[PDB]
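Printed here is structure_15.cif (mmCIF, C-alpha atoms and all ligand atoms):
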data_entry
loop_
_atom_site.label_atom_id
_atom_site.label_comp_id
_atom_site.auth_asym_id
_atom_site.auth_seq_id
_atom_site.Cartn_x
_atom_site.Cartn_y
_atom_site.Cartn_z
CA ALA A 48 -25.68 16.88 -11.90
CA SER A 49 -21.97 17.85 -11.61
CA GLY A 50 -19.72 18.49 -14.64
CA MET A 51 -16.52 16.50 -15.20
CA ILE A 52 -13.44 17.56 -17.24
CA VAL A 53 -10.44 15.25 -17.90
CA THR A 54 -7.19 16.90 -19.15
CA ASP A 55 -3.72 15.65 -20.10
CA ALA A 56 -1.11 16.16 -17.32
CA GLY A 57 1.35 18.25 -19.43
CA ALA A 58 1.53 20.93 -22.19
CA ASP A 59 -0.98 23.33 -20.48
CA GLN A 60 -3.56 20.59 -19.71
CA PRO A 61 -5.65 20.25 -22.91
CA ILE A 62 -9.20 18.84 -22.36
CA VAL A 63 -9.47 15.18 -23.54
CA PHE A 64 -12.98 14.33 -22.17
CA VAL A 65 -16.10 16.06 -20.72
CA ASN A 66 -19.36 14.48 -19.41
CA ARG A 67 -22.89 15.61 -20.45
CA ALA A 68 -23.34 17.77 -17.28
CA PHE A 69 -20.29 19.88 -18.38
CA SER A 70 -22.29 20.86 -21.54
CA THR A 71 -25.51 21.48 -19.47
CA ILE A 72 -23.56 23.81 -17.08
CA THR A 73 -21.25 25.66 -19.56
CA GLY A 74 -23.29 25.55 -22.84
CA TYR A 75 -20.22 24.18 -24.74
CA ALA A 76 -20.40 20.91 -26.78
CA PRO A 77 -17.47 18.46 -26.43
CA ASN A 78 -16.30 19.40 -30.02
CA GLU A 79 -15.98 23.09 -28.93
CA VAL A 80 -13.60 22.34 -25.96
CA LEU A 81 -11.51 19.21 -26.81
CA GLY A 82 -7.79 20.11 -27.14
CA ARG A 83 -8.17 23.47 -25.26
CA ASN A 84 -7.21 24.61 -21.74
CA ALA A 85 -10.37 25.12 -19.56
CA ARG A 86 -9.43 28.82 -18.85
CA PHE A 87 -11.84 29.91 -21.69
CA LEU A 88 -14.50 29.47 -18.90
CA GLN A 89 -12.99 32.58 -17.19
CA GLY A 90 -13.79 36.27 -17.88
CA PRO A 91 -13.28 39.86 -16.68
CA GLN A 92 -15.04 39.42 -13.25
CA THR A 93 -13.08 36.16 -12.46
CA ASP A 94 -10.95 36.71 -9.27
CA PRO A 95 -7.27 36.77 -10.36
CA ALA A 96 -6.11 35.54 -6.88
CA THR A 97 -8.32 32.40 -7.37
CA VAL A 98 -6.82 31.82 -10.89
CA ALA A 99 -3.29 32.17 -9.34
CA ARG A 100 -4.07 29.49 -6.66
CA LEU A 101 -5.33 27.14 -9.46
CA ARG A 102 -2.16 27.84 -11.55
CA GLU A 103 0.22 26.99 -8.62
CA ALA A 104 -1.82 23.89 -7.55
CA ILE A 105 -1.82 22.42 -11.12
CA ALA A 106 1.94 23.18 -11.58
CA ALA A 107 2.64 21.20 -8.33
CA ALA A 108 0.02 18.47 -9.18
CA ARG A 109 -1.74 19.27 -5.84
CA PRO A 110 -5.53 18.84 -5.40
CA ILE A 111 -7.45 22.18 -5.04
CA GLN A 112 -11.08 23.31 -4.49
CA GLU A 113 -12.18 26.90 -5.38
CA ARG A 114 -15.48 28.79 -5.91
CA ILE A 115 -14.69 30.66 -9.19
CA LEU A 116 -16.79 32.94 -11.44
CA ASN A 117 -17.05 31.36 -14.93
CA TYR A 118 -18.96 32.22 -18.13
CA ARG A 119 -21.25 30.06 -20.32
CA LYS A 120 -20.50 29.97 -24.09
CA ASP A 121 -23.15 32.76 -24.53
CA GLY A 122 -21.32 34.93 -21.90
CA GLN A 123 -23.79 34.26 -19.01
CA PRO A 124 -21.85 34.31 -15.70
CA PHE A 125 -22.25 31.42 -13.15
CA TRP A 126 -20.47 30.49 -9.87
CA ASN A 127 -18.49 27.23 -10.34
CA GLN A 128 -17.68 25.10 -7.25
CA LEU A 129 -14.57 23.55 -8.89
CA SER A 130 -12.55 20.55 -7.56
CA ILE A 131 -9.33 19.55 -9.45
CA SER A 132 -7.34 16.37 -8.59
CA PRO A 133 -4.26 14.82 -10.23
CA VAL A 134 -4.60 11.17 -11.42
CA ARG A 135 -1.38 9.35 -10.36
CA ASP A 136 0.03 5.86 -11.03
CA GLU A 137 1.51 3.93 -8.05
CA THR A 138 5.04 5.24 -8.97
CA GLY A 139 3.63 8.82 -8.47
CA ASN A 140 3.63 9.77 -12.22
CA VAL A 141 0.73 12.22 -13.00
CA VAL A 142 -1.32 10.61 -15.84
CA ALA A 143 -4.11 13.26 -16.08
CA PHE A 144 -6.12 15.87 -14.12
CA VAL A 145 -9.84 15.49 -13.32
CA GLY A 146 -12.04 18.57 -12.65
CA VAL A 147 -15.58 18.53 -11.20
CA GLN A 148 -17.88 21.56 -11.70
CA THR A 149 -21.05 22.39 -9.72
CA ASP A 150 -23.17 25.49 -10.61
CA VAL A 151 -23.73 27.09 -7.14
CA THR A 152 -25.08 30.46 -8.49
CA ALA A 153 -28.60 29.80 -7.03
CA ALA B 48 3.31 5.12 -19.68
CA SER B 49 0.33 4.10 -17.43
CA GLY B 50 -3.15 3.35 -18.82
CA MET B 51 -6.21 5.32 -17.67
CA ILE B 52 -9.90 4.22 -17.84
CA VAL B 53 -12.80 6.58 -16.93
CA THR B 54 -16.27 5.00 -16.29
CA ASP B 55 -19.74 6.28 -15.36
CA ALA B 56 -20.50 5.90 -11.59
CA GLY B 57 -23.75 3.86 -11.93
CA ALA B 58 -25.29 0.95 -13.92
CA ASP B 59 -22.26 -1.44 -14.27
CA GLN B 60 -19.71 1.41 -14.80
CA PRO B 61 -19.44 1.57 -18.62
CA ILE B 62 -16.12 2.96 -19.99
CA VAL B 63 -16.55 6.58 -21.30
CA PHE B 64 -12.83 7.41 -21.95
CA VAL B 65 -9.41 5.67 -22.22
CA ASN B 66 -5.95 7.23 -22.86
CA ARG B 67 -3.33 6.16 -25.49
CA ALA B 68 -1.42 4.00 -22.91
CA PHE B 69 -4.60 1.88 -22.31
CA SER B 70 -4.44 0.78 -26.01
CA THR B 71 -0.62 0.15 -25.84
CA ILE B 72 -1.06 -2.07 -22.71
CA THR B 73 -4.30 -3.97 -23.64
CA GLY B 74 -4.22 -3.99 -27.50
CA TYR B 75 -7.85 -2.68 -27.56
CA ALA B 76 -8.78 0.50 -29.51
CA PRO B 77 -11.14 2.99 -27.79
CA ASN B 78 -14.03 2.32 -30.27
CA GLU B 79 -14.29 -1.38 -29.18
CA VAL B 80 -14.19 -0.75 -25.36
CA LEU B 81 -16.43 2.38 -24.97
CA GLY B 82 -19.77 1.47 -23.27
CA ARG B 83 -18.33 -1.87 -21.95
CA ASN B 84 -17.50 -2.78 -18.32
CA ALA B 85 -13.68 -3.20 -18.00
CA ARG B 86 -14.15 -6.85 -16.77
CA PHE B 87 -13.64 -8.03 -20.44
CA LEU B 88 -9.87 -7.66 -19.60
CA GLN B 89 -10.18 -10.68 -17.21
CA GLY B 90 -9.68 -14.34 -18.25
CA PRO B 91 -9.39 -17.99 -17.09
CA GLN B 92 -6.46 -17.51 -14.60
CA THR B 93 -7.78 -14.20 -13.08
CA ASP B 94 -7.97 -14.60 -9.24
CA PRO B 95 -11.71 -14.54 -8.32
CA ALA B 96 -10.92 -13.21 -4.78
CA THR B 97 -9.23 -10.14 -6.39
CA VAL B 98 -12.33 -9.59 -8.61
CA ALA B 99 -14.63 -9.80 -5.50
CA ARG B 100 -12.46 -7.16 -3.69
CA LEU B 101 -12.82 -4.81 -6.73
CA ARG B 102 -16.61 -5.49 -6.86
CA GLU B 103 -17.05 -4.53 -3.16
CA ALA B 104 -14.80 -1.41 -3.45
CA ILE B 105 -16.72 -0.09 -6.52
CA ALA B 106 -20.12 -0.78 -4.85
CA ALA B 107 -18.94 1.33 -1.81
CA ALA B 108 -17.00 3.92 -3.94
CA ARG B 109 -13.83 3.06 -1.90
CA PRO B 110 -10.30 3.46 -3.34
CA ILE B 111 -8.54 0.10 -4.01
CA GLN B 112 -5.27 -1.19 -5.59
CA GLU B 113 -4.88 -4.79 -6.85
CA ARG B 114 -2.32 -6.70 -8.95
CA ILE B 115 -4.75 -8.58 -11.28
CA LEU B 116 -4.10 -10.95 -14.22
CA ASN B 117 -5.62 -9.43 -17.40
CA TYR B 118 -5.53 -10.48 -21.10
CA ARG B 119 -4.54 -8.37 -24.15
CA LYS B 120 -6.97 -8.39 -27.14
CA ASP B 121 -4.66 -11.09 -28.70
CA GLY B 122 -5.11 -13.27 -25.55
CA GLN B 123 -1.58 -12.72 -24.08
CA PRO B 124 -1.83 -12.59 -20.25
CA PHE B 125 -0.26 -9.58 -18.43
CA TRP B 126 -0.08 -8.51 -14.74
CA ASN B 127 -2.12 -5.27 -14.32
CA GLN B 128 -1.12 -3.04 -11.35
CA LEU B 129 -4.63 -1.52 -11.09
CA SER B 130 -5.71 1.46 -8.90
CA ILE B 131 -9.38 2.61 -8.85
CA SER B 132 -10.64 5.81 -7.17
CA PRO B 133 -14.07 7.47 -7.18
CA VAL B 134 -14.50 11.04 -8.55
CA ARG B 135 -16.81 13.02 -6.19
CA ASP B 136 -18.36 16.51 -6.23
CA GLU B 137 -18.26 18.70 -3.05
CA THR B 138 -21.58 17.19 -1.69
CA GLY B 139 -20.04 13.65 -1.89
CA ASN B 140 -21.96 12.52 -5.06
CA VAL B 141 -19.93 9.99 -7.13
CA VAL B 142 -19.56 11.48 -10.68
CA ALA B 143 -17.26 8.78 -12.19
CA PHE B 144 -14.56 6.18 -11.45
CA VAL B 145 -10.93 6.50 -12.62
CA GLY B 146 -8.73 3.40 -13.09
CA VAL B 147 -4.95 3.50 -13.64
CA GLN B 148 -3.23 0.46 -15.24
CA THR B 149 0.53 -0.31 -15.06
CA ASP B 150 1.79 -3.41 -16.93
CA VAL B 151 4.08 -4.97 -14.21
CA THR B 152 4.51 -8.40 -15.98
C1 LIG C 201 -8.95 19.15 -15.09
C2 LIG C 201 -9.06 20.64 -15.03
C3 LIG C 201 -10.31 21.24 -14.99
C4 LIG C 201 -10.44 22.63 -14.91
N1 LIG C 201 -11.68 23.19 -14.90
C5 LIG C 201 -11.81 24.53 -14.79
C6 LIG C 201 -13.12 25.18 -14.74
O1 LIG C 201 -14.17 24.49 -14.73
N2 LIG C 201 -13.16 26.52 -14.65
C7 LIG C 201 -12.05 27.29 -14.63
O2 LIG C 201 -12.15 28.54 -14.52
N3 LIG C 201 -10.82 26.75 -14.67
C8 LIG C 201 -10.64 25.42 -14.77
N4 LIG C 201 -9.36 24.87 -14.83
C9 LIG C 201 -8.21 25.77 -14.70
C10 LIG C 201 -7.58 26.33 -15.95
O3 LIG C 201 -7.49 25.30 -16.92
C11 LIG C 201 -6.18 26.84 -15.61
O4 LIG C 201 -5.41 25.77 -15.07
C12 LIG C 201 -6.21 27.97 -14.57
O5 LIG C 201 -6.91 29.08 -15.10
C13 LIG C 201 -4.83 28.44 -14.13
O6 LIG C 201 -3.98 28.65 -15.24
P1 LIG C 201 -3.70 30.08 -15.94
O7 LIG C 201 -3.27 31.08 -14.89
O8 LIG C 201 -2.59 29.72 -16.89
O9 LIG C 201 -5.03 30.43 -16.60
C14 LIG C 201 -9.23 23.47 -14.90
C15 LIG C 201 -7.99 22.87 -14.94
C16 LIG C 201 -7.86 21.50 -15.01
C17 LIG C 201 -6.48 20.91 -15.05
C1 LIG C 202 -12.73 2.86 -13.60
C2 LIG C 202 -12.57 1.36 -13.60
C3 LIG C 202 -11.47 0.76 -14.19
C4 LIG C 202 -11.31 -0.62 -14.18
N1 LIG C 202 -10.22 -1.18 -14.75
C5 LIG C 202 -10.07 -2.53 -14.73
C6 LIG C 202 -8.91 -3.19 -15.33
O1 LIG C 202 -8.03 -2.52 -15.92
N2 LIG C 202 -8.84 -4.54 -15.24
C7 LIG C 202 -9.79 -5.28 -14.61
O2 LIG C 202 -9.67 -6.53 -14.56
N3 LIG C 202 -10.88 -4.75 -14.04
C8 LIG C 202 -11.05 -3.40 -14.04
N4 LIG C 202 -12.16 -2.85 -13.44
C9 LIG C 202 -13.08 -3.72 -12.71
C10 LIG C 202 -14.23 -4.33 -13.46
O3 LIG C 202 -14.79 -3.29 -14.26
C11 LIG C 202 -15.25 -4.80 -12.41
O4 LIG C 202 -15.59 -3.73 -11.53
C12 LIG C 202 -14.68 -5.93 -11.55
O5 LIG C 202 -14.38 -7.06 -12.35
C13 LIG C 202 -15.61 -6.37 -10.41
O6 LIG C 202 -16.98 -6.45 -10.80
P1 LIG C 202 -17.70 -7.81 -11.31
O7 LIG C 202 -17.66 -8.85 -10.20
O8 LIG C 202 -19.11 -7.36 -11.61
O9 LIG C 202 -16.89 -8.22 -12.52
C14 LIG C 202 -12.33 -1.45 -13.47
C15 LIG C 202 -13.44 -0.86 -12.88
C16 LIG C 202 -13.59 0.52 -12.92
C17 LIG C 202 -14.77 1.16 -12.26
#

Kindly present the structure from the file in structure tokens form.
Ligand SMILES: Cc1cc2nc3c(=O)[nH]c(=O)nc-3n(C[C@H](O)[C@H](O)[C@H](O)COP(=O)(O)O)c2cc1C
Ligand SMILES: Cc1cc2nc3c(=O)[nH]c(=O)nc-3n(C[C@H](O)[C@H](O)[C@H](O)COP(=O)(O)O)c2cc1C
Amino acid sequence: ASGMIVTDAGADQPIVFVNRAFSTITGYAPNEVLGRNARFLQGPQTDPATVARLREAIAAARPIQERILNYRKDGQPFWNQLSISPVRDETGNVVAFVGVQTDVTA
Amino acid sequence: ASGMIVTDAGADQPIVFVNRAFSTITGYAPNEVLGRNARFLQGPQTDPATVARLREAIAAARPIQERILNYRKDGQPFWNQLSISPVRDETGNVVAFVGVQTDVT
């Protein structure tokens, strides 16, 4: 089952909602992640070029897919097939971002 | 500011999250809408053809936009500029639906 993260559009995209699969994949409870930027999932072996592409895509409210090395709460590394999309109203205003995580380590 | 509703993908798409704007527009607090299907927003003058188009789009996980008559908690009718899109993982699985509401009354 794939993880889902919903963030606010502005102010460095704090997490406002996660599904159960997010906790199964990452080992973090909703309480531990609400109000934080998702970058706590990253660690020393995370590819900086991948992080840079995410940073530019989110700043421009452009959809992006990346395979990124993340870390469970306990520090266990996993490969995250990550898809981020802006949520827009019909006037083009960005209301939120939605992220989908798949553990593709295996 | 535009409302947002997030639902589960299956089993009558219960609401799992709403933003602040949803409460401003509809008059409903999160606590009283979570676990409900968003159809409680509809009322006597809601166009049944519009509802049927939404039903078919959700069943097929197809994106759709409709201008639909909805009702605030206090019963005041408002025109909802509604856009629904599926949230998919890379293998095409539907993870959730996202709805965006604009009061265009
Ligand atoms: C909705 C959403 C979900 C995200 N999910 C993840 C994730 O699962 N793993 C991850 O490493 N980064 C994720 N990010 C990316 C980070 O939050 C951050 O945007 C990225 O690291 C680039 O910013 P930075 O260079 O300031 O860290 C997500 C971002 C958004 C907006
Ligand atoms: C994410 C999401 C958001 C929705 N938002 C609204 C809404 O704001 N107003 C509305 O009348 N119906 C909304 N709906 C549609 C109803 O929940 C329902 O799908 C529609 O009435 C058709 O199904 P039914 O014939 O079983 O009622 C939404 C559906 C989804 C999946």

>> Quick check: residues of chain A within 7 Å of chain B, all atoms listed in the file, returned as number ranges by chain.
In response: A: 49, 64, 136, 142, 147

> Counting all atoms listed in the file, what residues are within 7 Å of ligand LIG 202 (chain C), given as a PyMOL selection string?
Replying inline: chain B and resi 52-54+60+84-86+88-89+98-99+101-102+105+115+117+127+129+131+144-146+148

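Comparing the minimum interatomic distances between ligand LIG 201 (chain C) and each of A:76, A:151, A:85, A:48, counting all atoms listed in the file, we find that A:85 sits nearest.
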
>> 9 Å from ligand LIG 201 (chain C) is the threshold here; counting all atoms listed in the file, which polymer residues fall inside it? Answer as a PyMOL selection string.
In response: chain A and resi 50-56+59-62+69+73+83-90+93+95+97-106+115-118+127-133+143-149

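Taking CA of residue 152 (chain B) and CA of residue 126 (chain B) as endpoints, the distance between them is 4.8 Å.
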
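Here CA of residue 78 (chain B) is placed at a distance of 23.7 Å from CA of residue 133 (chain B).
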
>> Between CA of residue 106 (chain B) and CA of residue 57 (chain B), what distance in Å does the model show, to one decimal?
In response: 9.2 Å

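Among the candidates A:57, A:66, A:108, A:79, the residue lying nearest to residue 56 (chain B) is A:66 (atoms considered: all atoms listed in the file).
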
Is it possible to add N, CA, C and O atoms to region 69-80 of chain A and hand it back as an mmCIF file, keeping the file's coordinate frame?
data_model
loop_
_atom_site.group_PDB
_atom_site.id
_atom_site.type_symbol
_atom_site.label_atom_id
_atom_site.label_comp_id
_atom_site.auth_asym_id
_atom_site.auth_seq_id
_atom_site.Cartn_x
_atom_site.Cartn_y
_atom_site.Cartn_z
ATOM 1 N N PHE A 69 -21.198 18.770 -18.000
ATOM 2 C CA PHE A 69 -20.290 19.880 -18.380
ATOM 3 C C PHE A 69 -20.970 20.755 -19.442
ATOM 4 O O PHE A 69 -20.936 21.992 -19.329
ATOM 5 N N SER A 70 -21.578 20.133 -20.458
ATOM 6 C CA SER A 70 -22.290 20.860 -21.540
ATOM 7 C C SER A 70 -23.543 21.552 -20.985
ATOM 8 O O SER A 70 -23.769 22.739 -21.330
ATOM 9 N N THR A 71 -24.316 20.883 -20.126
ATOM 10 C CA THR A 71 -25.510 21.480 -19.470
ATOM 11 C C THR A 71 -25.112 22.745 -18.709
ATOM 12 O O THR A 71 -25.821 23.764 -18.824
ATOM 13 N N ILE A 72 -23.999 22.700 -17.977
ATOM 14 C CA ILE A 72 -23.560 23.810 -17.080
ATOM 15 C C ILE A 72 -22.957 24.955 -17.909
ATOM 16 O O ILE A 72 -23.254 26.122 -17.599
ATOM 17 N N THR A 73 -22.120 24.650 -18.899
ATOM 18 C CA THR A 73 -21.250 25.660 -19.560
ATOM 19 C C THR A 73 -21.847 26.116 -20.897
ATOM 20 O O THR A 73 -21.432 27.185 -21.363
ATOM 21 N N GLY A 74 -22.709 25.298 -21.507
ATOM 22 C CA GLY A 74 -23.290 25.550 -22.840
ATOM 23 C C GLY A 74 -22.357 25.218 -23.987
ATOM 24 O O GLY A 74 -22.722 25.517 -25.136
ATOM 25 N N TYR A 75 -21.204 24.599 -23.715
ATOM 26 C CA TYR A 75 -20.220 24.180 -24.740
ATOM 27 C C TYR A 75 -20.413 22.691 -25.050
ATOM 28 O O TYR A 75 -20.568 21.911 -24.100
ATOM 29 N N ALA A 76 -20.416 22.320 -26.330
ATOM 30 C CA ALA A 76 -20.400 20.910 -26.780
ATOM 31 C C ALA A 76 -18.986 20.368 -26.668
ATOM 32 O O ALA A 76 -18.015 21.120 -26.754
ATOM 33 N N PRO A 77 -18.811 19.041 -26.486
ATOM 34 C CA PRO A 77 -17.470 18.460 -26.430
ATOM 35 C C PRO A 77 -16.559 18.972 -27.565
ATOM 36 O O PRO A 77 -15.422 19.323 -27.288
ATOM 37 N N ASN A 78 -17.068 19.007 -28.802
ATOM 38 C CA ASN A 78 -16.300 19.400 -30.020
ATOM 39 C C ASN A 78 -15.674 20.786 -29.823
ATOM 40 O O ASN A 78 -14.576 21.026 -30.371
ATOM 41 N N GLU A 79 -16.357 21.664 -29.093
ATOM 42 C CA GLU A 79 -15.980 23.090 -28.930
ATOM 43 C C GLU A 79 -14.859 23.245 -27.893
ATOM 44 O O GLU A 79 -14.345 24.372 -27.769
ATOM 45 N N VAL A 80 -14.494 22.187 -27.154
ATOM 46 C CA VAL A 80 -13.600 22.340 -25.960
ATOM 47 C C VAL A 80 -12.448 21.332 -26.003
ATOM 48 O O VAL A 80 -11.447 21.557 -25.294
#
